[PDB]
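[1] Just the structure for this:
(2 chains)
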Amino acid sequence: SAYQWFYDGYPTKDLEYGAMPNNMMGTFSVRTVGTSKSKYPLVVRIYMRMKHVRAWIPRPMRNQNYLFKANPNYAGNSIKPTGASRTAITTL
Amino acid sequence: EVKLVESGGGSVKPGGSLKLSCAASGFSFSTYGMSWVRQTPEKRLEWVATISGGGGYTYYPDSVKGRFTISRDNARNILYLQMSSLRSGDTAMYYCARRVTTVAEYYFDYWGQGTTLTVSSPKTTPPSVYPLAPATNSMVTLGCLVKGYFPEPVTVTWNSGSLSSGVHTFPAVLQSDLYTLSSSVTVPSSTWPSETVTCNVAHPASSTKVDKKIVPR
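    Numbering: from 1, shown residues only, chains lettered A, B, ... in the order given. Shown next is the structure:
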């Protein structure tokens, strides 16, 4: 019923954790027309406007750097404070 | 118990660099700010640096801002003080202190026992010990003059501690950029010279230890 960015389980320690496959939109195959290679070097750019959006269950804004496209794993050494720090709580 | 025990120091020639450290025990170190203070030969107390409860801010006085740098590692509960471009005016005894919060100001609860820093250009010299007997009554005061050593301190023990009850140890006095002290002991005429009296002078800086039997003149 909806694309879901987070899945807390596995599909019927594992490498299938957080994998909601039913979120696939499909593939776009590009190629020069014709039996033979094109005569020119080409570059295609794909833009995407999202329309008619509906969202549910809001959640904490990622405050740590992303490491992988799949999971939310972060760097357990480089755990930085959400925002700019200061000297004392009495100085501005 | 709250314990601050510091390490490092000794003789350094002027211009050299050194690092001092203090080790904490029996209180949560991270929740406190920590400072060093120095005492010139038992008189003047001078603040030299503080560090915030975490990394945060460091604060320095205007005699030192530039050469010293105070640090902490809140895994082993230990302060650090590196001192670079050390000068002759930096000779003193350095304590590590804990800084607590009061109504408005701050206060230093516990002080460590200090390390001693001597910044100086001369050599390390073993001392010379000379007996002090007299050339007539019922009490005998003997002595032991130990002259021309560097640095401090030295130690004068009398018959290996047996005579400690009648012993005066007079502070070492600096002249010739060498130190010179005296030490006296008091003894009943029943003990001397019928029994050996001997002063024992140990100078750890050089690992030199000399013994003088006081023989009657």
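[2] what sits against residue 30?
    The chain I'm using is chain A. residue A:44 (C-beta atoms under 8 Å, 6 or more residues apart in numbering or on different chains). For every residue, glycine as well, the C-beta is placed using N, CA and C.
[3] sorry, should have said chain B
    B:53, B:54, B:74.
[4] could those be laid out in a markdown table, adding distance to residue B:114, neighbour count and secondary structure?
    Below are the contacts of residue B:30 laid out as a markdown table (distance: C-beta to C-beta, whole Å; neighbours: other C-beta atoms under 10 Å in any protein chain shown; DSSP: H, G, I helix; E, B strand; the rest coil):
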| residue | distance to residue B:114 | neighbour count | secondary structure |
| --- | --- | --- | --- |
| B:53 | 23 | 15 | coil |
| B:54 | 26 | 11 | coil |
| B:74 | 23 | 14 | coil |
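[5] can you list the residues you listed in JSON lines and add distance to chain A?
    Shown next, in JSON lines, are those (distance: C-beta to the nearest C-beta, whole Å):
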{"residue": "B:53", "distance to chain A": "10"}
{"residue": "B:54", "distance to chain A": "10"}
{"residue": "B:74", "distance to chain A": "16"}
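[6] Just name the closest of the residues you listed to residue B:9, please.
    Nearest to residue B:9 out of those is residue B:74 (C-beta to C-beta; 23.4 Å).
[7] Name the nearest residue to the closest one, sequence neighbours excluded.
    residue B:30 (4.4 Å; C-beta to C-beta, 6 or more residues apart in numbering or on different chains).
[8] Could you do residue B:141 as well?
    residue B:186 (5.2 Å).
[9] show me what contacts the one you found?
    B:139, B:140, B:141, B:166, B:167.
[10] how about it, secondary structure?
    Taken by DSSP: H, G, I helix; E, B strand; the rest coil, the conformation at residue B:186 corresponds to strand.
[11] that older thread, just send the contacts of residue B:186 back as TSV, with distance to residue B:106 too.
    Formatted as TSV, those follow (distance: C-beta to C-beta, whole Å):
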residue	distance to residue B:106
B:139	53
B:140	54
B:141	50
B:166	46
B:167	42
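[12] Looking at those, state which has the most neighbours.
    residue B:140 (21 neighbours; other C-beta atoms under 10 Å in any protein chain shown).
[13] A helix includes that residue, no?
    No - going by three-state DSSP, the assignment for residue B:140 is strand, not a helix.
[14] Residue B:97: what's it in contact with?
    B:4, B:34, B:35, B:36, B:37, B:108, B:109, B:110, B:111, B:112.
[15] ok, which residues in chain B are in contact with chain A?
    B:52, B:56, B:57 (C-beta under 8 Å from any C-beta of the partner chain).
[16] Including secondary structure, could those residues go into TSV?
    As requested, those are exported to TSV (three-state DSSP):
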residue	secondary structure
B:52	coil
B:56	coil
B:57	coil
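[17] So the residue nearest to residue B:141 versus residue B:21, what's the distance?
    Taking C-beta to C-beta, to the nearest Å as the measure, residue B:186 falls 43 Å from residue B:21.
[18] Quick one: classify the residue nearest the centre of chain A as helix, strand or coil.
    Nearest to the centroid of the C-alpha atoms of chain A, with distances taken as C-alpha atoms, centre = their mean, sits residue A:69, at 5.4 Å. Here residue A:69 is coil, with the state taken from three-state DSSP.
[19] What residue in chain B comes nearest to chain A?
    The minimum distance from chain B to chain A, using C-beta to the nearest C-beta, falls at residue B:57 (4.9 Å).
[20] That residue: neighbour count?
    14.
[21] which residues does it contact?
    A:87, A:88, B:51.
[22] and with 7 Å instead?
    A:87, A:88 (C-beta atoms under 7 Å, 6 or more residues apart in numbering or on different chains).
[23] Next, residue B:165: secondary structure please.
    helix.
[24] ditto for residue B:201
    Under three-state DSSP, residue B:201 comes out as strand.
[25] Validate this expectation: residue B:156 resides in a strand.
    Yes - Residue B:156: assigned to a strand according to three-state DSSP.
[26] quick one, what contacts it?
    Residue B:156 touches B:144, B:146, B:169, B:183, B:199, B:201, counting by C-beta under 7 Å, 6+ apart.
[27] Quick check: ChimeraX command selecting the buried ones in the residues you listed.
    Applying 16 or more other C-beta atoms under 10 Å in any protein chain shown to the contacts of residue B:156, the buried members can be selected in ChimeraX as follows:
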select /B:144,146,183,199,201
